[PDB]
Protein chains: 4
Amino acid sequence: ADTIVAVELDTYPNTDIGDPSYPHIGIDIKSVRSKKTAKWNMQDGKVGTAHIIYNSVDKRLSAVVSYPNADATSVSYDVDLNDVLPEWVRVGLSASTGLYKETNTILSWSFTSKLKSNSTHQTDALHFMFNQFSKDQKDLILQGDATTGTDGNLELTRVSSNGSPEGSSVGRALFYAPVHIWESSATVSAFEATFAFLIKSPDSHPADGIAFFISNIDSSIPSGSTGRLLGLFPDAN
Amino acid sequence: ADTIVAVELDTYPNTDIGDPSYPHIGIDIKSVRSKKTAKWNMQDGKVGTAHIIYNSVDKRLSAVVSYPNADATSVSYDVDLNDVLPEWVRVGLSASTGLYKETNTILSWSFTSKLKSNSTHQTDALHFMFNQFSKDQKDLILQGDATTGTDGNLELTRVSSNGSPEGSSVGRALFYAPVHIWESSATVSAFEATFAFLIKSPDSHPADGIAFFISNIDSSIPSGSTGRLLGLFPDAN
Amino acid sequence: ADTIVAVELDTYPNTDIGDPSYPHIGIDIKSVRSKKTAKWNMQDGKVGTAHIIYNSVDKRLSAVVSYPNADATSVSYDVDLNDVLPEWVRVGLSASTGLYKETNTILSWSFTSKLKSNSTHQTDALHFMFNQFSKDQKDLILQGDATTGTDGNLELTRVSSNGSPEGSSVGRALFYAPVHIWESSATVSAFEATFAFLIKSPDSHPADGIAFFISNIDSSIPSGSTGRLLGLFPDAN
Amino acid sequence: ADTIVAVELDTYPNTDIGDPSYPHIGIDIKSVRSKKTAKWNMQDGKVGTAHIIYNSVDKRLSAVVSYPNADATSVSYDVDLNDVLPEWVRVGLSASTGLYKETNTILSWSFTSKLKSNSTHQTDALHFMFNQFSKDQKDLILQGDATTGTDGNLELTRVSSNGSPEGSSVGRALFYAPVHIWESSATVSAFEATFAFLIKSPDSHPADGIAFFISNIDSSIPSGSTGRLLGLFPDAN
Ligand SMILES: [Ca+2]
Ligand SMILES: [Ca+2]
Ligand SMILES: [Ca+2]
Ligand SMILES: [Ca+2]
Ligand SMILES: [Mn+2]
Ligand SMILES: [Mn+2]
Ligand SMILES: [Mn+2]
Ligand SMILES: [Mn+2]
């Protein structure tokens, strides 16, 4: 009733769980215990951009977190979303804070996803494009402390009037229209997403990080999703 | 609180209103009293396909209802949706029946729509692709007697087990995610849609017709939307 | 100077090479000796549709040849196009005949391909859409006996005035604009293509088959590309 | 044999022709004598972005040249490209210099274009995406002094090693694949393009300007296309 696949950006390495010793990216299937991990070179206060693709033919969850001038960090995990995700899913954004401070602002957001059938070709599909959120932003489902329009951006985490990334925070947002994972006569399916993000830390010990996650249209933030729980996974591991 | 712009397919010409004397297409702004009209050559039991575009620069509501081998029928009206539609709209499908019988089945359905901002370029946008509806069809909002999956199609109107188009009927359906008409820093906006439809009449006196309409996320079928009221307009004219 | 990756549709099983004992699909890297194979259930005179995807993160050449009502046939091979294809490639269509007769008509043709950079996001990319070829068809590069506009279709192989698939034939066609495989600051690349095809055989012993292939902008049909050589590979194996 | 429709960015107002008295934008059909004009507020050394759309239903050439924080400048002209452009066209970029200096660098470039037929729906079409040009840039046709990869950008005009916009210059570039304006069974056609540009002037008296133009696959720069001739129109007016 509340299951999710997440692609997470980890700034604050919680050794106690199983994350490497520095900032890392990887795939989480069912829990905080990411299945695959990788090391990315944090650039505090710098502009970033994430990417993520997959499909049934191959069924391989892959990611690419890039930085300008800086070199690429990727990770790939083999999994059957067919077996994991609800036939119909929802797409949103999560970011987190707790003891540590950090900014979680989204500049641009893009989502592509299609479904190939038996009939002939070019069956079903959907796209959502973002470069600036509004005070309106009505085809979006925000959770908790997310803020849209702050500075004309999707700000997952709590911010002040001067910047000052707040702590002990948590919220998220998902596109209105559900998504279609797999189907009766579908033999070739696909998903594509990219997203620029902006993490800012006055501290050298930045918060927790960000995260792009897939779950049920019903997905809700659990208890103390705060902290390293990036509001993707309850206390279970 | 319940306003709409509609592109309608009129099979049953109700002289009493203002529709020409044979089947016609045109633009309806606020009421049944379509603003522009045109004559299209009905092909009962044959496969059809509608199209419709517009934008602010130009602000001209235009349409093209085609038939294979058959020649094109188009109509164009000058209007300010900026002035008419809610800043945030919804996209759906309507078809109608009353004293007259006719089929209103959708084979394929496509929706494209984008928003150009000041920042730089390629700001906001969305796409929805359809070639076959499901028993599921969960990212769709159906109204009344619409049926999804019947034969793997979106069937706006009431059908029997042998075909037999039902009469005195009415229903519709809209994509889940709202749409974004105009905005703060948007100076160049656009909308694009095409759709194949299938109207079937055992009778020579076919029902009412079909209709592609834009309204509020709140849009609901009025009283006796049945008949020529194609469930787009209440009794007001 | 003349290298290619091909996704081929094999109707006429030439045991002497290494193809299974019935019609099959698979990946060919450098030669006729396809690297991966699979069994698809031919439906002579019936409408078909092929699909094919891949990318660097994963680097896995995958395919899906479907038939309506009929079940799916797929194959997947792990390869480094980065290491194989010219930084800049060309996209076309090949089909073949020799001792055996068969039809090789294309109804629809679709090509999607993009390149993700370091700068920010949504870097480079291209699309080409086909549902009917012309007597014109000017942004297409046809080779040999291919015919465009015959019946408003791309007909790779030689046809008569009554149908009568010709034999001992060979030709192909590619989109004008070159394609961009990999690049300096590209860390996330992708390719997507689908295509409906129509193979017709008065005989029970149909020709050779079809094939979607990637090569150099310079790609030319070799000697006796005819036969099982599907005009993709010279005599080398 | 050499005809063109152009959307031009005019920095250097040549009163002697018919351009207003300050920088302006407008539509040129057959000649320098733009048919429609409008006033845009130049921002030297600042980042800009142009847009342009049209189609048969409506047949209205429209444009939007925007600047960040700054307000929009648009122009619209009614014309029959069906009657003017070759059934098959080419898409490129032009910029100009002469007595006056100015920079003409392109950051991003985007092209969308489709063709609706009788068959059913979603007939033909093409897309080209740009955010950074290469030393390679092989699916592009550059003319004269255009430079690709200079700083990872398409630089239409002649630049030095320190910047120093050169004078008395002229060149352009077009996408490889031709374009399809109108056709046999096409009743609903469309074209869409946006583009960010960067004009830089050490002087207060900047060169000539930029220009997005449509012509024949054969289009070549005429004599002294230099100057206000923005290399779009020969000496004829
Ligand atoms: Ca952690
Ligand atoms: Ca009527
Ligand atoms: Ca063979
Ligand atoms: Ca001038
Ligand atoms: Mn972790
Ligand atoms: Mn009417
Ligand atoms: Mn073989
Ligand atoms: Mn001028």
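All of the numbers you see were taken from the coordinates with simple rules; none came from a lab. All Cβ positions, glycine included, derive from the backbone under ideal geometry; neighbour counts span all protein chains shown.
Can you work out which of the residues in the range D:187-218 that are buried (at least 24 other Cβ atoms within 10 Å of the Cβ) and away from every other protein chain (no Cβ under 14 Å) is nearest to ligand 2 (Cβ to nearest atom)?
By that ranking, first place goes to D:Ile214.
The rows are residues; the columns are (1) surrounded by 22 or more Cβ atoms within 10 Å (Cβ to Cβ); (2) of a type outside the set (A, V, I, L, M); (3) farther than 28 Å from D:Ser168 by Cβ.
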| residue | (1), (2), (3) |
| --- | --- |
| D:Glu8 | yes, yes, no |
| D:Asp16 | no, yes, no |
| D:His24 | yes, yes, no |
| D:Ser31 | no, yes, no |
| D:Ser66 | yes, yes, yes |
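The rows are residues; the columns are (1) over 22 Å from C:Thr120 (Cβ atoms); (2) hydrophobic (A, V, I, L, M, F, W, C); (3) at the interface with another protein chain (Cβ under 10 Å from one of its Cβ atoms).
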| position | (1), (2), (3) |
| --- | --- |
| D:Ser134 | no, no, yes |
| D:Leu154 | no, yes, no |
| D:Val170 | yes, yes, no |
| D:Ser184 | yes, no, yes |
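Condition (residue is under 16 Å from the mean Cα position of the chain (by Cα) and at positive phi) applied to the range B:214-226: is it met by at least one residue?
There is no residue in the range B:214-226 that is under 16 Å from the mean Cα position of the chain (by Cα) and at positive phi.
If I filter the range C:102-109 for residues that are crowded, with 22+ Cβ neighbours inside 10 Å, in contact (Cβ under 8 Å) with a residue 12 or more places away in the chain, within 13 Å of another protein chain (Cβ to nearest Cβ) and aromatic (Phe, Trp, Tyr), do I get at least one hit?
For the range C:102-109, residues crowded, with 22+ Cβ neighbours inside 10 Å, in contact (Cβ under 8 Å) with a residue 12 or more places away in the chain, within 13 Å of another protein chain (Cβ to nearest Cβ) and aromatic (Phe, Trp, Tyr): present.
For D:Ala63, only one of the following conditions fails: (1) part of a loop (DSSP other than H, G, I, E, B); (2) away from ligand 4 (no atom under 11 Å from the Cβ); (3) in contact with a strand residue (DSSP E or B) (Cβ under 9 Å, 6 or more places away or on another chain). What is its number?
(1) is the only condition that D:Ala63 fails.
Condition first: of a type in the set (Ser, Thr, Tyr) and surrounded by fewer than 17 Cβ atoms within 10 Å (Cβ to Cβ). Now tell me which residues in the range C:121-165 satisfy that.
Answer for the range C:121-165, where residues must be of a type in the set (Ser, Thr, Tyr) and surrounded by fewer than 17 Cβ atoms within 10 Å (Cβ to Cβ): C:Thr150, C:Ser160, C:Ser161, C:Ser164.
Can you tell me how many residues within the range C:172-182 are more than 8 Å from every other protein chain (Cβ to nearest Cβ) and of a type outside the set (D, E, K, R)?
Count: 4.
With closer than 21 Å to A:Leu107 by Cα and surrounded by fewer than 21 Cβ atoms within 10 Å (Cβ to Cβ) as the only criterion, which of A:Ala72, A:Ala50, A:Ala38 stands out?
A:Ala72
Among the candidates A:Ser96, A:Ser117, which residue alone is polar (S, T, N, Q), within 14 Å of chain B (Cβ to nearest Cβ) and surrounded by 22 or more Cβ atoms within 10 Å (Cβ to Cβ)?
It is A:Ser117.
Out of curiosity, is B:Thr187 in contact with a strand residue (DSSP E or B) (Cβ under 9 Å, 6 or more places away or on another chain), among the β-branched types (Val, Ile, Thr) and farther than 20 Å from A:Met129 by Cα?
It is false that B:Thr187 is in contact with a strand residue (DSSP E or B) (Cβ under 9 Å, 6 or more places away or on another chain), among the β-branched types (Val, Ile, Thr) and farther than 20 Å from A:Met129 by Cα.
Among the candidates A:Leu93, A:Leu99, which residue alone is within 30 Å of A:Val188 (Cβ to Cβ) and of a type outside the set (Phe, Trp, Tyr)?
A:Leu93
Taking the residues in the range D:49-62 that are in contact (Cβ under 8 Å) with a residue 12 or more places away in the chain and within 7 Å of chain B (Cβ to nearest Cβ) as candidates, determine which candidate is nearest to D:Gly209 (Cα to Cα).
D:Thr49
Given the structure, is D:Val89 assigned to a loop (DSSP other than H, G, I, E, B) and away from ligand 3 (no atom under 16 Å from the Cβ)?
In short, no.
Within the range C:167-186, is even one residue on the phi > 0 side of the Ramachandran plot and polar (S, T, N, Q)?
There is at least one residue in the range C:167-186 that is on the phi > 0 side of the Ramachandran plot and polar (S, T, N, Q).
Pull up the range D:22-45, narrow it to residues that are over 15 Å from D:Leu232 (Cβ atoms) and of a type in the set (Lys, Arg), then point me to the one that is nearest to ligand 5 (Cβ to nearest atom).
So, considering only residues that are over 15 Å from D:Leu232 (Cβ atoms) and of a type in the set (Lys, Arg), the one nearest to ligand 5 (Cβ to nearest atom) is D:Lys39.
Considering D:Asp19, D:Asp71, which residue is away from ligand 5 (no atom under 16 Å from the Cβ), within 12 Å of chain B (Cβ to nearest Cβ) and charged (D, E, K, R)?
D:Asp71 is the lone residue from the list that is away from ligand 5 (no atom under 16 Å from the Cβ), within 12 Å of chain B (Cβ to nearest Cβ) and charged (D, E, K, R).
From the list D:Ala186, D:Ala193, D:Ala207, which residue is of a type outside the set (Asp, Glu) and under 15 Å from the mean Cα position of the chain (by Cα)?
When all the criteria are applied, what remains is D:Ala193.
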